[PDB]
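Asks:
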Amino acid sequence: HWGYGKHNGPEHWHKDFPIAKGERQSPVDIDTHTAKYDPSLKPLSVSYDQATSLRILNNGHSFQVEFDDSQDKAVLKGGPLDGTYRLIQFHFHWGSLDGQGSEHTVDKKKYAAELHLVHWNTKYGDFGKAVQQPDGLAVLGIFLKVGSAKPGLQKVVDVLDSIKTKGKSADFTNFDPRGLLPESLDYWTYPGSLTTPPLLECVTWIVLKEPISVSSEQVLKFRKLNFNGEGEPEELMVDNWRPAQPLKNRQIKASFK
Ligand SMILES: O=S(=O)(O)/C=C/c1cc(Br)ccc1O
Ligand SMILES: [Zn+2]
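With the sequence shown counted from 1, adding 3 to any position gets you full-length UniProt numbering.
1. Since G195 and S29 should fall inside the 8 Å C-beta cutoff, what is the C-beta to C-beta distance between them, to a whole number of angstroms?
2. Can you pull every residue whose C-beta falls closer than 6 Å to some heavy atom of ligand 2, listed in chain order?
3. Is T35 helix, strand or coil when you go by DSSP?
4. Buried or exposed: which applies to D19, given that a residue is buried once 16 or more other Cβ atoms fall within 10 Å of its Cβ?
5. With a Cβ-Cβ cutoff of 9 Å, do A77 and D110 count as a contact?
6. Can you give the beta carbon distance from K45 to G82, rounded, assuming they're within the 8 Å contact cut?
7. Does the Cβ of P214 have 16 or more other Cβ atoms within 10 Å, making it buried, or fewer, making it exposed?
8. Could you please give the first and the last residue of the uninterrupted beta strand (DSSP E) stretch that includes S50?
9. CA-CA distance, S99 and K39?
10. Residues in its own chain within less than 8 Å of residue 323 by CB, not counting five upstream and five downstream?
11. Pull up the distance between the alpha-carbon of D161 and that of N252, whole angstroms please.
12. At what residues does the beta strand (DSSP E) containing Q67 begin and finish?
13. Counting Cβ pairs closer than 8 Å, one from the stretch 177-185 and one from the stretch 239-256, do we hit at least three?
14. Which residues does DSSP list as the beta-bridge partners of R89?
15. Quick check on the burial criterion: 16 or more other C-beta atoms within 10 angstroms. Buried or exposed for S219?
16. State the Cα-Cα distance for the pair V68 and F259, rounded to the nearest angstrom.
17. Give the DSSP bridge partners of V241, in chain order.
18. Since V149 contacts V210 with CB under 8 Å, what's their CB separation in whole angstroms?
19. Please report the residue range of the beta strand (DSSP E) in which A141 lies.
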């Protein structure tokens, strides 16, 4: 099946998922000089105080932390968005080296990793219906650079040895995703897609300008995860990022001057 290797990686995905060569694919390079400040953007509202985390899962291509989205508990509103989008999960993309790993790039700069907080538009009733809609998802993308440790990432790092291999999960209740946010909510936004198969074109991307800093030790522990299942030979889960795709007929808007 699809993956990130030479024989099943991003350059192969279009064969099963022809939308891979579509008109609004993600990620993209964010050219900071050509992004347009947009006065029509409303303030971004990240309301995570009532977030209810459930479980952490190695899904064979990343690890994901899942949330209870049966009610409006952790939501994203405002910015480019109309209506209320509920947090369903977050996951990461990262590199084998500190100079690569992010999916979006900034003036072609790659960061060590990228966090995706995935939300769905509650007018569509459930996540599976939302992905079939052009405005179904809002994903908040946050870059990670290597420097000082991020305290609010450490509870995630500490449980990774319990989900080393594909299909392993662990309880992950009472985790506060507010600890993963940078100070500033300044962002760029554009219409795009899921960056993994099925690559559906259902995502309003909101990528924050300010990266979070994480320690070399924290990112090293990401890189000890496995793509393989238990009792198979070890393939380190590294470089699980899709590279930048053609911008095509899109403008990236900035929330700031
Ligand atoms: O916008 S993405 O970060 O690519 C979200 C991806 C994604 C999220 C969920 Br939840 C399920 C399947 C998926 O492919
Ligand atoms: Zn992602």
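Beta carbons are placed, not taken as given, at the ideal position from N, Cα and C, and that holds for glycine.
Replies: Put simply:
1. Between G195 and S29, the beta carbon gap of about 3 Å places them in contact (Cβ cut-off 8 Å).
2. After applying the 6 Å Cβ criterion, the set is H94, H96, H119 and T198.
3. Coil at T35, not helix or strand.
4. By the neighbour-count criterion, in which 16 or more other beta carbons inside 10 Å mark a residue as buried, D19 falls on the exposed side.
5. No; because the gap between Cβ atoms is not below 9 Å, this pair is not in contact.
6. About 6 Å separates the two Cβ atoms, so the contact holds.
7. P214 comes out buried.
8. First-last of the beta strand (DSSP E) with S50: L47 to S50.
9. Taking the straight line from one Cα to the other gives about 33 Å.
10. Coverage of the chain is limited to positions 4 through 260, which leaves residue 323 absent and any answer about it impossible.
11. Taking the straight line from one Cα to the other gives about 42 Å.
12. For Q67, the enclosing beta strand (DSSP E) has its first and last residue at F66 to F70.
13. Touching, no, given that fewer than three Cβ pairs across the two stretches are closer than 8 Å.
14. Paired residues: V78 and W123.
15. Counting other Cβ atoms within 10 Å of its Cβ, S219 stays below 16 and is therefore classed as exposed.
16. If you take the alpha carbons of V68 and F259, they lie about 30 Å apart.
17. Under DSSP, no beta-bridge partner is assigned to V241.
18. Rounded to whole angstroms, the Cβ separation of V149 and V210 is 19 Å, and the two are not in contact under 8 Å.
19. Here the beta strand (DSSP E) through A141 covers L140 to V149.
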